[PDB]
């Protein structure tokens, strides 16, 4: 239970990326149906999204996925085995594919530490990612479906920090091909803000670490 938000809620923090000037030099394809900025793209290489009114490809550019909230419509919440409630795809997914933005409240470290002590006592789950410079996307109360995605020691998805119009935002990308019905997973230890509490890992993998965080 949470409020669904279409976009992040900025509380007491602004996660400015520091860089702004972005022009591709990767060129428009003549076909309307063929995508513009692919793996060559200068901006994509530094994990920055193109700006629509400056990009050499304009509307052909597929390096604006967060900006344009170009999420996938497969995602389905389901009764996960031992893990509670998880999320899978009804449709096959290819590697490198943008899946969903991770949404929530953007809060400072002290604001989150406050919320942890003041409000998130005797809580069995942990809904938040490190963003930047000790800023946190908290999704305990507000967020999207990306909050139901479980941990794996062997993940098929990955949280990527992007500069979008001067602002850092986190997007979920596939690491491998995934067929219909398969649950989405990522490695928490990377992104999850270090909390004193530890949890047994039920990801069910040969070389499972046995612990989360």
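Positions refer to the first chain, counted from 1.
Student: Looking at the deposited entry, does 136-144 or 123-131 carry the larger mean Cα B-factor?
Tutor: Looking at the record's C-alpha B-factors, the answer is 123-131.
Student: Report the stretch with the higher mean CA temperature factor, choosing between 59-67 and 23-31 on the basis of the entry.
Tutor: Per the PDB entry, the higher value belongs to 23-31.
Student: Have a look at 155, 36, 171, 166 and flag the one whose Cα has the highest B-factor in the entry.
Tutor: Out of 155, 36, 171, 166, the record gives the largest C-alpha B-factor to 36.
Student: Which is it among 99, 103, 80, 107: the one with the largest CA B-factor in the entry?
Tutor: Highest C-alpha B-factor among the listed options: 80.
Student: Can you tell me whether residue 160 has a C-alpha B-factor in the lowest, middle or highest third compared with the other modelled residues of the same chain?
Tutor: For residue 160, the deposited C-alpha B-factor lands in the lowest third.
Student: What third of its chain, lowest, middle or highest, does the C-alpha temperature factor of residue 50 fall into?
Tutor: Middle third, going by the recorded CA B-factors of the chain.
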